[PDB]
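Enquirer:
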Amino acid sequence: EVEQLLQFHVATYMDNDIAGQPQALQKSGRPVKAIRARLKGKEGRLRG
Amino acid sequence: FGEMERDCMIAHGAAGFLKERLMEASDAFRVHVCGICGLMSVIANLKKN
Amino acid sequence: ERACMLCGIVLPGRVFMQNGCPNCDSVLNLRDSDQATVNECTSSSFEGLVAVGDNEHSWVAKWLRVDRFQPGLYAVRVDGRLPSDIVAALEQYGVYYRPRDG
Amino acid sequence: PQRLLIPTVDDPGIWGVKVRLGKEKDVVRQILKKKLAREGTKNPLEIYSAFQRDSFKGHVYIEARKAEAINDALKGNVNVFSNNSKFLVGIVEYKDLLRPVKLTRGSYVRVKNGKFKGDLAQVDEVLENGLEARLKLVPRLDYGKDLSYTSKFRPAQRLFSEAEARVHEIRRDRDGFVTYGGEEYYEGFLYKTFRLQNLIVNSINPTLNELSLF
Amino acid sequence: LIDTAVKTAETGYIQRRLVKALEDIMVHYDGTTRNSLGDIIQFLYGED
Amino acid sequence: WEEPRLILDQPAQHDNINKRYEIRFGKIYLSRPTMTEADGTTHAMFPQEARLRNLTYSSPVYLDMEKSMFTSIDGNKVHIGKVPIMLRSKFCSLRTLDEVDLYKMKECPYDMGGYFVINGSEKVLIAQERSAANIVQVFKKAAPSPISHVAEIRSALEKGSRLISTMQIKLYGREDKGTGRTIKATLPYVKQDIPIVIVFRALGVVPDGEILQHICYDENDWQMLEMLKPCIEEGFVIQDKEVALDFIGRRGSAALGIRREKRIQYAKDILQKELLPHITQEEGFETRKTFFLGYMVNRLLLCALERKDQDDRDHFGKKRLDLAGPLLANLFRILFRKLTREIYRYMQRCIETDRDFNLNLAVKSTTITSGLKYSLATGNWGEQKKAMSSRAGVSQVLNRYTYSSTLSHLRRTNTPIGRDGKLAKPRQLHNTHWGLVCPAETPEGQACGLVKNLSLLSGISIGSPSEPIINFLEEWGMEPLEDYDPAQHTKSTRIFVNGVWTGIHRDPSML
Amino acid sequence: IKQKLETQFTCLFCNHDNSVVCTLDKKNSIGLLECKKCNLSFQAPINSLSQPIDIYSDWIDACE
DNA sequence: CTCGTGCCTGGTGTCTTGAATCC
RNA sequence: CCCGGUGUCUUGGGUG
DNA sequence: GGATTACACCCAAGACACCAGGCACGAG
Ligand SMILES: [Zn+2]
Ligand SMILES: [Zn+2]
Ligand SMILES: [Zn+2]
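Chains as they are written, first to last, in our numbering: chain A, 1 to 48; chain B, 1 to 49; chain C, 1 to 102; chain D, 1 to 214; chain E, 1 to 48; chain F, 1 to 511; chain G, 1 to 64.
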């Protein structure tokens, strides 16, 4: 249970849009802004 | 200066103008690279040279 | 809640004052003590809560050496040790104290 | 000898069960109530014991002979995850579930509470009952400067200066020992009792600043 | 009003894909029309 | 009174003494809005002061609670929080006063109210458009699907108008593809679709000849019978009630090992409750659900036989507007359960001490007060931790740029379909909008055609009890559902009251 | 064609979970439960609509 | 003088179940 | 005695 | 299962709950 949780945090640190499992959440309830989400979409590093 | 603006300057062929807009007139930055490994891993003290 | 430092049982502290330690009231006499005595033989600090339902046939109970005691809540680890004067008095009674603090 | 009490194949099985974090003690309690309430009836709860280890968050262990008894123990318990997640423990892993587990005088600990939280202190004395102790620590004082404290609005650490206290705001007790605002300072250090449960004794890392001082 | 408001985004997407498909295509000094890989798209621009 | 009592229980052995702890919620009382200073002093709050000090214009709500203590060897009014008051309503301190005093309270007589004040900011609730409950709608399905026609209905009770469940009946088989063209249904909390005949049997009417007598009321037409042919044969081997109910209980696949002795009794709840709960939920009334089920299948086949068009989703008679009343009740319902659970979790610790609780201490008014304030201030319709999977924009800051804009803003309606998907239906001005929503007033841009505005003479139904209507229908000659046979009644008219096939009359013209 | 499916059901005898395999032969309307552990076998009739939960239900009633 | 009881603050923290069509 | 800067994430309505 | 719904500008309104510990106040 411990080792899988380290795998989990390292995964959602890089990509928090993994299909088929719940997203990592901030205390505020909104999803964590992972590095992958920083680069994609209209406002990310590349298009924005 | 959005994506569609960028395309218009290409069509005009004004390559020099487009470079300046996106660098000198904005967020131009100087970095050091290693000629061997190509990474930005250089530690540069400019007063000690 | 406090844990007896002789048998490991977990009870509300006032119980130790009202009725003594069910398992070791006889030698410990907490029923007829003052609060200073109760607090020297029972601890507010303990860890590992154990429901023992069947003391005589539980392996868990045998390991914790509570297999001869009454069904109840017990603690795996009880912090503190019995005062040397009480240990000496228990030994006068043929009782051997094996500390439960680890 | 403890070695004669090791478990065997004749002993009941132990299952682990996942429960809501922080509700492990409650589940152990609830299991005991159910066991005692059903003793001697036609439908006894056929578990022997149940327990929860602090080191093992969100997991209760239950001793029985049949898996069905585990389901019976947990039925209706609002603190237990409904998924059929009950896992078997090996006999060779039983003892490692019930393992129970310094602060010598002249050694260093870190304080865990109050204006001295995080500060390094020497463990000068230990209370007889064993409940507390006495620690030697570098004071954080103002000499009553703005009187008519918290850890976020405390003062910088510095040795007690009795002549500063004399000048600005004090009871001599002994050689180098003063009581100032009802605390004791000996040769510049505060001597104050803390609960043992309020001091860290393990894995303490001295800081740069502490290496410079001590 | 609905049509103008809806179909403006339809054609806006069309223009974006067209530009990215064609942006690197340049006339070179030998008259050929080539992309950034030097692939020949037309041997002579506009055939004239 | 939706969940009127809390109940505990505890068998004690040490002389078994069952001690049920019970708490009953009674009458509600309301007080006028009151400002309580940090001092402790109180006074009546009027609107302008709330606007100037960023306060919330709200009324304290008190609830009677009653304790009782069953014991078997075998009082003061409590405050639940504050509810924001709509200005100029009956519970606002401005409703009285009259013309002479209004000017002294700095209130303008042209201000017609209809909005709330939350932290000094004026918030108006936007009417939310939804589909009607308790109506059957038939739609056609796209080509790459084995289904060609679907009947759908969303369950909802009358008491409080809150959603319950949703149910579908799908007709499989494409044009000359799908072989056996049978019909299966979808039930709440069951995995994969179950054939229609099986659920008919599972309700107590196994006789095939009786089954077809409940659906088709025209034995003469072969077509309304050839399409039901494969449904009989694919559910032939299930020949009695018990094995029918069992199969449904296995479909759910919840708690593997339910068994027949009980897996039937779990499925009987999924049939009695949840499945069509708007008809009835008391026992021994399964005749109404069986008759209704036959009606659905009949409607499904009429569309598949091209004898009736598929329903028009935009027909305004199939639509409802949720205004301030219904919207608050749904939110208040969610929050009152949250308060309930916190009372229940608090009793299990405070009774292990065996100490008489003070009652008020076990009611934290922050649950309702912060809940209503947060949702009205942000528009996020749900619990704060679940900003996701909820609806946004229900509350908006009242536009005060000009007087005309205030009138329009208080009469706005919203369809919550979404910007994504242009579509060629919703945004469009449907014929049935005539006289009910404005044909001209609609925003430019992404909301165009989805946000609408009520015509000048429109009104919204407040709601009325259906019970007096039933009494009027039976007094005039309506005949019960147990007396009805398609051979005898081959021509009478069916009668629906809020989507329920109650009684059928033989002479509708006089009625 | 036969269907060989693994399930997450507990064997009623050996109590090993996730070790019951279901073989459904629809051509002859014969379903077969197998353990992978103690390997106890149980046969029951199946229709065309049945699934591993249908014969595992029949196995619970065949014991009691 | 000493014990019972309410308020402020910091470390910690998760779950009763409840929009459509191109490749 | 030069130099001297302050916000991030969402929601609702507009403009073209 | 995923992939997407043209580009640019402005306005206003909201941001973390629960339990253990100490400290201060009141009563005997
Ligand atoms: Zn390098
Ligand atoms: Zn004891
Ligand atoms: Zn087996």
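Every residue, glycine too, gets a C-beta built ideally from N, C-alpha and C.
Would you mind reading off the limits of the beta strand (DSSP E) that contains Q128 of chain F?
Expert: Here the beta strand (DSSP E) through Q128 of chain F covers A127 to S131.
Enquirer: Residues around ligand 2, please: the ones whose beta-carbon is closer than 6 Å to some heavy atom of it, in chain order.
Expert: In chain order, the hits are C:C4, C:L6, C:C7, C:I9, C:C21, C:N23 and C:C24.
Enquirer: Does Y48 of chain D pass the burial test, meaning 16 or more other C-beta atoms within 10 Å, or should it be called exposed?
Expert: Counting Cβ neighbours within 10 Å, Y48 of chain D comes out buried, since at least 16 surround it.
Enquirer: Is the shortest distance between the beta-carbon of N39 of chain G and the beta-carbons of chain F less than 8 Å?
Expert: It does not; no Cβ of chain F falls within 8 Å.
Enquirer: By the criterion of Cβ-Cβ separation under 7 Å, what are the contact partners of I31 of chain D in chain C?
Expert: Chain C residues near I31 of chain D: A51.
Enquirer: Got a sec? Which residues, its chain only, sit under 6 Å from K452 of chain F by beta carbon, not counting five neighbours each side?
Expert: If we look at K452 of chain F and ignore the five residues flanking it on each side, its Cβ neighbours are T413 and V437.
Enquirer: Pick out whichever of G:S50, G:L49 and G:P45 has its Cα sitting closest to the Cα of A62 of chain G.
Expert: Here the closest residue by C-alpha is G:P45.
Enquirer: Would you kindly check if the distance between the Cβ of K241 of chain F and the Cβ of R201 of chain F is under 8 Å?
Expert: Yes. Within cutoff.
Enquirer: Buried or exposed for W1 of chain F, going by 16 or more other Cβ atoms inside 10 Å?
Expert: It is exposed - the Cβ of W1 of chain F has fewer than 16 other Cβ atoms within 10 Å.
Enquirer: Please report whether the beta-carbon of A37 of chain D lies at a distance below 8 Å from any beta-carbon of chain F.
Expert: Output row for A37 of chain D: interface = yes.
Enquirer: Bridge partners for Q488 of chain F per DSSP, in chain order?
Expert: According to DSSP, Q488 of chain F bridges with nothing at all.
Enquirer: Indicate, with yes or no, if ligand 3 has a heavy atom lying under 7 Å from the CB of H16 of chain G.
Expert: Within the cutoff, so yes.
Enquirer: Sorry if obvious, but does the Cβ on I43 of chain B come closer than 7 Å to a heavy atom of ligand 1?
Expert: For ligand 1, not one heavy atom lies less than 7 Å from the Cβ of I43 of chain B.
Enquirer: How is the alpha helix (DSSP H) around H409 of chain F delimited, first residue to last?
Expert: First-last of the alpha helix (DSSP H) with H409 of chain F: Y403 to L410.
Enquirer: Quick check: is any heavy atom of ligand 5 less than 7 Å from the C-beta of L88 of chain D?
Expert: The model on display carries ligand 1, ligand 2 and ligand 3 but not ligand 5.
Enquirer: Looking only at its own chain, which residues have a Cβ that is under 7 Å from the Cβ of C7 of chain C, when we skip the five neighbours before and after it?
Expert: Closer than 7 Å at Cβ, skipping near neighbours: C21, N23, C24, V66 and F69.
Enquirer: Which bits of chain G does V237 of chain F rub up against, with CB to CB less than 7 Å?
Expert: Chain G residues near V237 of chain F: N47.
Enquirer: Against chain G, does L376 of chain F count as a neighbour if the rule is that its beta carbon must be under 8 Å from one of theirs?
Expert: No, its Cβ sits nowhere closer than 8 Å to a Cβ of chain G.
Enquirer: Less than 7 Å separating the Cβ of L39 of chain B from some heavy atom of ligand 1?
Expert: The answer is yes for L39 of chain B.
Enquirer: Going by Cα to Cα distance, which pick from E:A21, E:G46, E:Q15 and E:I2 is closest to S36 of chain E?
Expert: Out of E:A21, E:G46, E:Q15 and E:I2, E:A21 has the C-alpha closest to the C-alpha of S36 of chain E.
Enquirer: Would you mind reading off the limits of the beta strand (DSSP E) that contains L163 of chain F?
Expert: First-last of the beta strand (DSSP E) with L163 of chain F: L163 to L171.
Enquirer: Listed from N- to C-terminal order along the chain, which residues in the region 64-75 of chain D have their beta-carbon within a distance smaller than 7 Å of any beta-carbon of chain G?
Expert: The region 64-75 of chain D vs chain G, Cβ under 7 Å: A67.
Enquirer: Under 8 Å between the Cβ atoms of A143 of chain F and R299 of chain F?
Expert: No, these two residues do not count as a Cβ contact at 8 Å.
Enquirer: Name the residues in the region 6-19 of chain B whose C-beta lies less than 8 Å from a C-beta of chain E; which are they?
Expert: So the close ones are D7 and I10.
Enquirer: So which of D:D26, D:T179 and D:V111 has the shortest CA-CA distance to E352 of chain F?
Expert: Residue D:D26 is the option with its Cα nearest to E352 of chain F.
Enquirer: Mind checking whether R130 of chain F and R320 of chain F have CB atoms under 8 Å apart?
Expert: A contact, by the Cβ cut-off of 8 Å.
Enquirer: Using a beta-carbon distance below 8 Å, is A61 of chain C in contact with chain D?
Expert: Yes, because at least one Cβ of chain D sits closer than 8 Å to the Cβ of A61 of chain C.
Enquirer: Which same chain residues, not among the five before or five after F160 of chain D, have their C-beta less than 6 Å away from its C-beta?
Expert: Excluding positions up to five away in sequence, the list reads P139, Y185 and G188.
Enquirer: Is the beta carbon of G113 of chain F less than 8 Å from the beta carbon of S89 of chain F?
Expert: Yes, the pair counts as a contact, with Cβ atoms nearer than the cut-off.
Enquirer: Is DSSP giving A34 of chain A helix, strand or coil here?
Expert: Residue state, collapsed to three classes: coil.
Enquirer: Are the region 184-191 of chain F and the region 266-274 of chain F in contact at 8 Å, needing three or more beta carbon pairs?
Expert: Yes: at least three Cβ pairs fall under 8 Å.
Enquirer: By the 10 Å Cβ neighbour count, where 16 or more other Cβ atoms means buried, how is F247 of chain F classified, buried or exposed?
Expert: So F247 of chain F ends up on the buried side.
Enquirer: Where in the region 133-165 of chain D do unbroken runs of the beta strand (DSSP E), each at least 3 residues long, occur, reported from the N-terminal end onward?
Expert: DSSP runs (the beta strand (DSSP E)) wholly in the region 133-165 of chain D: 133-137.
Enquirer: According to a CB-to-CB cut-off of less than 9 Å, which residues of the region 386-408 of chain F neighbour chain A?
Expert: Listed by position, the residues of the region 386-408 of chain F near chain A (Cβ gap below 9 Å) are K386, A387 and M388.
Enquirer: Is DSSP giving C92 of chain F helix, strand or coil here?
Expert: Three-state DSSP puts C92 of chain F in coil, outside helix and strand.
Enquirer: Would you decide whether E234 of chain F is buried or exposed? Buried here means 16 or more other CB atoms lie within 10 Å of its CB.
Expert: With 16 or more other Cβ atoms within 10 Å, it is buried.
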